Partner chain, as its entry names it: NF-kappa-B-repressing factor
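Form solved without its partner chain, single chain, as structure tokens, below.
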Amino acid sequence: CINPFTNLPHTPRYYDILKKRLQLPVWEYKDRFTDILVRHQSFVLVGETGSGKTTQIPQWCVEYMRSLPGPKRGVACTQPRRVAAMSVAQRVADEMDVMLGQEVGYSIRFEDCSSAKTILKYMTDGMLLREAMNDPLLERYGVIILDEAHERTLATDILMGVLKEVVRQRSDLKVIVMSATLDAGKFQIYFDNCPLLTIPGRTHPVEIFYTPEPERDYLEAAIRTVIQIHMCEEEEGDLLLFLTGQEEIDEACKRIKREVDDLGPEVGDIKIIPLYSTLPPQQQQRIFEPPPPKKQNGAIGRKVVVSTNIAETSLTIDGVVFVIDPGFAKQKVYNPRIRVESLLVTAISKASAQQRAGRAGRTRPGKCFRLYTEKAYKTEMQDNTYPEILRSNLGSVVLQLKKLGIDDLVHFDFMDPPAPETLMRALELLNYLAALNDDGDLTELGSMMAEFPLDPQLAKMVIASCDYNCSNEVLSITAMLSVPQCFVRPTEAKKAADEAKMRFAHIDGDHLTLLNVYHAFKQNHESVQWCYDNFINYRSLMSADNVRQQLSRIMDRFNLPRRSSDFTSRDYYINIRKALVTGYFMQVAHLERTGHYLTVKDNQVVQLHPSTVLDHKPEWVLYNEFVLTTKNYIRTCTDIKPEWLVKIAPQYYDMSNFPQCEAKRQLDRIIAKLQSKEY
């Protein structure tokens, strides 16, 4: 029959895919799905990964929208994960026989693939909350679906609160909450005891393996699980290994590419595939590829995917029988008393481990090779990881809620309410940035900050830089800070990489070094060869350029001038460094007489991250990032003048409320000197 959007026949592609997708677990419940949808404003849908929730259900809601009178609106389906949203959009575009970016599309922070024609949009949970800023009832959508709500991300929880208020003012909107599990909060009690639909699992049983006692270096000891699986096992099937991020991942794909062809033609081939947050579409889509063929003589031609907890629940790779679970992941941590946010590798929950093992069972029965003991699972691990709202600084969150018109914050319906101390640190942060007044009301400046898709600190820095006549350079720095690490540092060629990085070093430090990289990238015409020559990440730089363009359009909308100072003047670099202070004045460390650094209020001993270009230890350093390892590192570091701290951020540098230390004694000396009294 006929494609309703194109008014043409559906294609050969379309029919081949329709055939396979009708067989997905979700389809036998479509009638009862439809029957709940037409009768209720909101309900919950639970089903294991691979059951067909993300691809099929939003199509059904499109079908539903096309049944309706003429207020002709979209469907939104939120993903916690960029790679999930972008790759399902491509998949669903194919399933619906449409062009990605036309009837089906996606929206990620700085990456909008959509048009006038878009009626189904796969977006991050973060982006839908962004859209609510300018459209508080989300009138562009008739159906909104929060997918992967079991991952309890910060943006997902806030969307559940928001949408629960939206449904009281809008009768025409439908909300669906989809999840892999019934745990991670109860959802239907939250949405006023609304219907539940559960899709049975087709998990081919999975043999859970362990190790005798605690493993120390799991990277190489999970490589030795990857190898022994790719010889000892006799039937076909692909491998999925859970690492914690995109260096450790790339390590294990550089490693295990010369090895394990340590071995001639004899053993079976391996198509090795990495998966992490950053990858562009054209290379996300290689997890969906057929493994290499069987050799005439030898072993199974096999596929190994090396991946973040993106593959835990957010998608399925067909072919996977063998799952290796190191049992850690890059979480977000936040002490509300230390006031330090950082990304930390840490032990997963029983919920999570069991999810990861689940992936091995999605074709035939499989084996999960968990690299722990039963004691490090049964007795030593949590049932459920804390929902992300209890592990984050809520500065951005609070600003977004205030921009959405939410005044009283304890009188706000969180599913799991945050510790009221973390809430109050967020209010203070925002008051220090002048985003909120002393009553906690949104200022004109706060309102504007909220429409930049940036941490409040960065937003304030961009806006305030106009008054230091260096908005152009601050926008470039901001864009470099908003994309992945730009310096390629192969572990086999550290001195070479470091020396290339030094070609760009500014004497006052790393922020200006990022400005130097960006300027050099542009004046060399976005050249890939230039990037290779200088060990600069071409993808990072292309991403930065795109972020800068996006941020530029926001500046134009708000009439904030995009200006530079005179490069021949000394004020050029001074002005930019003063601008950094307007946003980062709380991220400041003082050089002690001992050669250590102590963070300004919280008195934490830190050292300059070893990747810094700084030649010397500035007396005062402003930093972008606090890195928790076995040492505290401050990363992306600039030399600043303490006088700037007093002049630009007096509310924070209030000596009546400040701990005794070398920093306070210099600061008091500076404050007395400004006042030039002889009492």
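Residue numbers count along the first chain shown, from 1.
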Higher avg CA temperature factor (572-580 vs 279-287, as deposited) belongs to 279-287
Selected stretch [higher average CA B-factor]: 345-353 or 158-166
345-353
Identity of residue with top Cα B-factor, from 601, 337, 525, 501
337
Selection by C-alpha B-factor (highest) of 273, 449, 554, 477:
273
For residue 510, does the deposited CA B-factor place it in the lowest, middle or highest third of the chain?
lowest
Assigned third (lowest, middle, highest) for the C-alpha B factor of residue 375
highest
Would the CA B-factor of residue 207 place it in the lowest, middle or highest third of its chain?
highest
Compared with the other modelled residues in the chain, in which third is the CA B-factor of residue 24?
middle
Taking the chain's C-alpha temperature factors as the reference, tell me which third residue 120 falls into: lowest, middle or highest.
middle
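Below, we turn to the form solved in complex with its partner chain, even though it does not appear here.
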With the cut-off set at 4.5 Å between non-hydrogen atoms, does residue 407 touch its partner chain in the entry with it bound?
yes
Under a 4.5 Å heavy atom criterion, is residue 438 part of the interface with its partner chain in the entry with it bound?
yes
So, in the entry with it bound, is residue 413 in contact with its partner chain at a 4.5 angstroms heavy atom limit?
yes
Partner contact for residue 206 in the entry with it bound: its partner chain, 4.5 angstroms, heavy atom:
no
If the cut-off is 4.5 angstroms on heavy atoms, which of these, 201, 195, 417, 301, is the one near its partner chain in the entry with it bound?
417
Answer with one of 596, 117, 570, 337: the residue that has a non-hydrogen atom within 4.5 Å of its partner chain in the entry with it bound.
337
Does the trio 218, 386 and 427 actually contact its partner chain in the entry with it bound, every residue with a heavy atom within 4.5 Å?
yes
Candidate stretches 419-427, 518-526, 465-473, 304-312, one within 4.5 Å of its partner chain in the entry with it bound by heavy atom
419-427
If you apply a 4.5 angstroms heavy atom cut-off, which residues in 342-356 are near its partner chain in the entry with it bound?
344, 345, 346, 347
